[PDB]
């Protein structure tokens, strides 16, 4: 369970590891759609989540449109949560899960999803 007091998403309760926290809702686009709409893929637009872990198929969720409190989640190199996917009725949904236990009143963060650090390589 979560809570947002910019606004910051925070654990409402001492969550256990691997706990479903919140769905990242918004408009789903493949990379090509995002680029056709005029935006650059994996550059840090506010309220946009980039996700590449569904079998290498690059997509994003634009939460300027009917998003929820999940759009407020900040990125961190030391995150306590992660984006996971599931298929429901042939539609992909993205959810934020805890990576380990999260004390109540701790900010919920996920790993950087956009091109940060200006690196030559990545792991």
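Residue numbers count along the first chain shown, from 1.
According to the PDB entry, the deposited sequence contains 4 to 9 residues between residue 5 and residue 6 that lack coordinates.
In this crystal structure, the stretch out of 102 to 110 and 6 to 14 whose C-alpha atoms carry the higher mean B factor is 6 to 14.
Averaged over Cα atoms, the B-factor as recorded in the entry is higher for 64 to 72 than for the other of 64 to 72 and 83 to 91. Out of 44, 26, 56, 38, it is 38 whose C-alpha atom has the highest B-factor in the PDB entry.
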